[PDB]
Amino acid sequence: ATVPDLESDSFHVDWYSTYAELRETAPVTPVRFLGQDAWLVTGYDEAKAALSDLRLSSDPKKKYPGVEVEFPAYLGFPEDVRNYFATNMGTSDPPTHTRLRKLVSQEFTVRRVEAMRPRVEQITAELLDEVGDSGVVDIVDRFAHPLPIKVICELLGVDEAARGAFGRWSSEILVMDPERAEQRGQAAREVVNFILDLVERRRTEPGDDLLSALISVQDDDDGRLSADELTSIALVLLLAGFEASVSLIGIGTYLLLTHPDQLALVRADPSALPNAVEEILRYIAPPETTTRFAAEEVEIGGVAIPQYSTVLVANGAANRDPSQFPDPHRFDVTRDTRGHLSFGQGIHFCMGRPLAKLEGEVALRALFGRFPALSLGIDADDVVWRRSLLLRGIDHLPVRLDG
């Protein structure tokens, strides 16, 4: 009786209360979203199990007898555009996933990330030098946002008259509003056109960047990446490379400001920063929801999910499951955050974890170390949270530098 509609304000206003209600009733339940029926998984155990079950595919390009596969993330995307966004690690199942991840991991390494620490510190310092030292500034527009973008552009060899453009496109693709569908499909074409030009430019003039590296990358047993895989991989690395990092820095600043106790704990011991980052991700996971497609009938938590169903694994809800995390609504930077699902679970585990932790640690440490009297420019209850189950974040965060 009464299936929940994920488009309602209950999933965007104090949404975590709605998750607890649902999980209590049934960790696995049928819902409606973007006009289609789906199953949402709010339980921790149920979420881990689902992400570990390979009968739940991550490939939207797959064709099934009399079935039209529709992953919500692709609302309004023309098919040619869809395939450019969907021919990479996160959009492939083994054995394709296996080789794509192997070829990329040869170049996208911890060594390459570590060598970037000096540059990310410098960029952080510059951005902070620019905000001044007094008044109210949107910490997102002046810090949280440009920091991750500069780092990903340098890593991929993207430049000046390009950056900032994909910011607005990214902004449109982040939300699925049925009425803005084609405007969504349009920004998507632009992102693609940009990438196509970027890769060809790099083929013509290779450098020390990661993208040049991926173009030459080769393996004896796996081979090389096709033009399409290369273009799709560059697209996801660019997009996923900065968007969630923005959410981490913005939500994190917001969190520490509203929990003075935890902020004091951090300023005191810098060695407590790393776990603070983990607790911020656990508390409000940017990728609140992850999508899977049931290639076969699958039983999740005693519930049979019919074949060909769309499954929304709510990573965000699972992180606040009381049986896994006691007092899940208490933001505690000292708690064991082991096992949260914010970077995924299983084969599709986040390849970008090292870079994300680097940015969050360096950013927040630099932010709060520089502004000891930093405070929220607005009332905590007035902070506008982005309406997206795909990726949570704060688009505007006014803070007072001097207090």
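One-based numbering along the sequence shown.
- Stretches 16-24 and 391-399 differ in mean C-alpha B factor, with the higher average recorded for 16-24.
- Once the C-alpha B-factors are averaged per stretch, 83-91 and 157-165 rank with 157-165 first.
- Going by the entry's values, 36 shows the largest Cα B-factor out of 57, 345, 42, 36.
- Highest CA B-factor among the listed residues (50, 376, 31, 356): 376.
- In the PDB entry, a CA B factor belonging to the lowest third of its chain's modelled residues is recorded for residue 286.
- When the modelled residues of the chain are ordered by their C-alpha B factor, residue 65 lands in the highest third.
- Ranked by C-alpha B-factor against the other modelled residues of its chain, residue 336 falls in the highest third.
- Looking at the C-alpha B-factors along this chain, the one for residue 186 belongs to the middle third.
- Per the PDB record, residue ranking by Cα B-factor puts residue 315 in the lowest third of the chain.
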